[PDB]
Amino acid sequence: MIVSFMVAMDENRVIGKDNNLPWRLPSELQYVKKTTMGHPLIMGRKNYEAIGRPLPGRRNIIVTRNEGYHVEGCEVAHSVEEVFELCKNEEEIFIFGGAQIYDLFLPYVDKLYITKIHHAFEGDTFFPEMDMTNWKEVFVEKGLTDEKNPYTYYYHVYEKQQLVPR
């Protein structure tokens, strides 16, 4: 099971402001949709409620400590262990955020899909710092910038840096 982080962040790692994206980049979200198709999205409750609805065509799995939290059209998991059990047959899952949710799956992540937006927004939540010498870029692509996607941004994909033995 490939554990993947899916993230869009600005130049200071901002990923949210008041439970919202500080930017409106529809093309970016279309990238996310294409990338995650046929794979579970794992997200915290707050992240889910910020989106406000289930993202169709995907296993939506909400992670919360709250045992009786349910929304229709979604699955609820209360721990990392519960997520792995739910996704036991999944080839790849996408950790969709909640800064806190990223921290939960940090010891397990195998792959990083990071969208980097070349702008500094006002923000109150951040993608956790990561040692990137552990990682290695396998793919990069400049995002579509235009009337509907004002900012400059780049899609990056990283896999684990393989150590060469002494």
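We call the rigid core the largest set of C-alpha positions that still match within 1.5 Å between the two forms. The first residue of the shown sequence is 1; numbering continues from there.
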Stretch with larger C-alpha RMS deviation in 6 other deposited structures of this protein, core superposed, 120-128 versus 94-102
120-128
Out of 49-57 and 24-32, which one drifts farther from the shown form in 6 other deposited structures of this protein in terms of CA positions, with the fit done on the rigid core?
24-32
Between 47-55 and 131-139 (mean CA B-factor, as deposited), the higher:
47-55
Of 61-69 and 106-114, which one has the bigger average CA B-factor?
61-69
Using only the C-alpha B-factors in the record, can you name which of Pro40, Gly98, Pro26, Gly123 has the highest?
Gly98
Is the Cα B-factor recorded for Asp18 in the lowest, middle or highest third of its chain?
highest
For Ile2, return the chain-relative third of its C-alpha B-factor as stated in the PDB record: lowest, middle or highest.
middle
Select lowest, middle or highest to describe the third in which the CA B-factor of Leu86 falls within its chain in this entry.
highest
